[PDB]
């Protein structure tokens, strides 16, 4: 039933007695459901140290991964280029999912095409799809560039993108001068961040490899910035803002900030902003190139060093106090610009907030996950705040990265109880937050299911999620946040301290029980 003046959606409609009764009858009549006592027993078992040991012996089964596949990254990279259509050579199913995944995170349109390869393309490959796809895309969506990646079907069948694009130009499907950078993006190698690297190096190669003869390092008096896979609009914005504040000439290479934040003003803009072709062509003339997320930009780095002859500096992601400092000092050094008064003050504001907030953050225990560079930046900042990053999970991490993080942990008293995990998933993390309970999780929306599981054991075992990362689908507009720089650090600090204080308020809200500690002032 419904009362028209207070309409109930699924929650709480199905808590009405008639729905409860009916769902009991379905269960008992037809579901042959395990007895509740046995469900409880197995649940209790999944929280144990014994179950964690079996869980960590998994070799074949993955459960609740914390990574996606290459072409997701390639698409995000492509979107950062002016009037560029991301084009994924292969199966259209992939592209429906890429678009949805990003749609749900950004709450924006995400434009991406497929060339809809089907079973028939197994006989003699996807060349005709490439020819008609490029032609159709160019005519219909009028991009100034098409950035080609691949789905796993096309990789397994061994389609040669280069030859296929060359043949499309040869037979006149697209004009010879029309830019069609490409990259192989096998989903069964690495993860979404590798796709970004591959796509970017493909685009950089496309625009520079053959025109290197006229290039003089430093001649444009600029710094190139390569952001890597980045899903916070604030991160693109803060790097630009900080560099413009220093009066540093710069080129941000892959900048989707405009196309992922178009105004709702009565027209749909398929393209907006983005790195121009002119910028990519002129990029070897920069003083140098800085990689914001070096641990998934290895291929780009080799190309930029090997071909552009840029001495790419060893910089960590500019997250937290030390690493933002180092980024600004290296940029100062490369550019000859001093760090201005405005950034010095912003830095001091961050330090001020750290002194104001240190007593609530001190010793707080976190489990966290994400991409390698994001995870290590967060780890680093947590140590700066006097927090203990107890469980550190990077599904798509590697041995060298793990060594780098183990050294960061070793260099701080706050790292003494921390383990880094690579190639482990959120079902692994679930065990760690039961057996060695932290205060909070810092992760993406997939974390909510672990919070649900912890609560089921009991309120005292609940581990609240702090949403920082990708994807965030169950909150609105967090993608507008910042995690880089002093600004980012200040946002993270604020979220952390207020998460702690919210939880404390919840635990002290019990009248005549725990509300002796329900202080007005914290």
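Numbering follows the first chain given and starts at 1.
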query: Per the entry, higher mean C-alpha B factor between 118-126 and 321-329; finding: 118-126
query: Stretch exceeding the other in mean C-alpha B-factor - 288-296, 168-176; finding: 168-176
query: Residue with maximal Cα B-factor (values as given in the PDB entry) among 76, 161, 95, 353; finding: 161
query: Out of 408, 375, 426, 382, residue topping the C-alpha B-factor column of the entry; finding: 408
query: Record-listed C-alpha B factor of residue 519: chain third; finding: lowest
query: Entry-reported Cα temperature factor of residue 240, expressed as the chain third it lands in; finding: highest
query: Third assignment of residue 44 from its chain's C-alpha B-factors; finding: middle
query: CA B-factor ranking of residue 230, expressed as a third of its chain; finding: middle
query: Third of the chain, ranked by Cα B-factor, where residue 415 sits; finding: highest
